[PDB]
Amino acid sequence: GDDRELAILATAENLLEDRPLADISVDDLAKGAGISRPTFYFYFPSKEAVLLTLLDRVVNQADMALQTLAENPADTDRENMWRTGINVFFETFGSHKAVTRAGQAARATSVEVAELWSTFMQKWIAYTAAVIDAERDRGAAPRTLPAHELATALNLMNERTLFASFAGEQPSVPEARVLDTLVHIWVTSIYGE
């Protein structure tokens, strides 16, 4: 079970580097995984379900990395604190660009992909707002915008900006500049009065 499922998922991630999900057949997935087509349908109903599982894996990888960071004591340097956090997403999604690209596109056509992304964005926004609230409570950040509203716009900026950078969209921030760009906007907007 585990082994043939993992092989299908690995094959899908590899083929999505070359082409979009529309141009990948179940035959391609079964062939890559060394199984028959009917055996593929035992593990997944569709190529779309495979992408959902890949995206779920990547999103939970980012979330579990963020939880690991949240568990350790807080970085005493506020800019570095936020940079290490944004970097979890930069490195996790940047290490899975094909799944990232395909998953964002699938939000349009898949309610399960749209709901997965929504769910995790709400969790990441809530956490961001809780950190901003803690910074205000300790007198390290000014009481300016509603923290949850600020957190929402900053998280949406990172969603759009990181995906544009990884896809090489025109326009985009160069990948080698995007972490510095986003940290600057987070720190100035969280700590600026």
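Between two forms, the rigid core is the largest collection of C-alphas that superpose within 1.5 Å. Residues carry their position along the shown sequence, with the first being 1.
Q | Rigid core superposition result in 8 other deposited structures of this protein, more deviant of 2-10, 182-190 by Cα | A | Clearly, after the core fit, the stretch farther away in 8 other deposited structures of this protein is 2-10.
Q) Comparing 66-74 with 39-47, which has C-alphas lying farther from the shown form in 8 other deposited structures of this protein once the core is aligned? A) If we average over structures and residues in 8 other deposited structures of this protein, the farther stretch is 66-74.
Q.
So, looking at the entry's B-factor column for Cα atoms, which has the higher mean, 98-106 or 85-93?
A. Per the deposited B-factors, the answer is 98-106.
Q | Mean C-alpha B-factor comparison - 14-22 and 172-180, higher one | A | Mean CA B-factor is higher for 14-22.
Q: Go through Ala49, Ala129, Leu156, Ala140 one by one and give the residue whose Cα B-factor in the PDB entry is largest.
A: Among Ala49, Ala129, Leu156, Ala140, the highest C-alpha B-factor in the entry belongs to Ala140.
Q: Check the PDB entry and point out which of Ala164, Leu145, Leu69, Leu55 has the largest C-alpha temperature factor.
A: Largest recorded C-alpha B-factor: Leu69.
Q.
Could you place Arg136 in the lowest, middle or highest third of its chain by Cα temperature factor, using the values in the record?
A. For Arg136, whose C-alpha B-factor we compare with every modelled residue in the chain, the answer is the middle third.
Q) Lowest, middle or highest third: where is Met121 by Cα B-factor in its chain? A) Answer is lowest: the recorded C-alpha B-factor places it there.
**Q.** Ranked C-alpha temperature factor of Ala151 among modelled chain residues, by third
**A.** Bottom third by C-alpha B-factor.
(Q) Going by the CA temperature factor in the PDB record, which third of the chain does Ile190 belong to: lowest, middle or highest? (A) Lowest third, going by the recorded CA B-factors of the chain.
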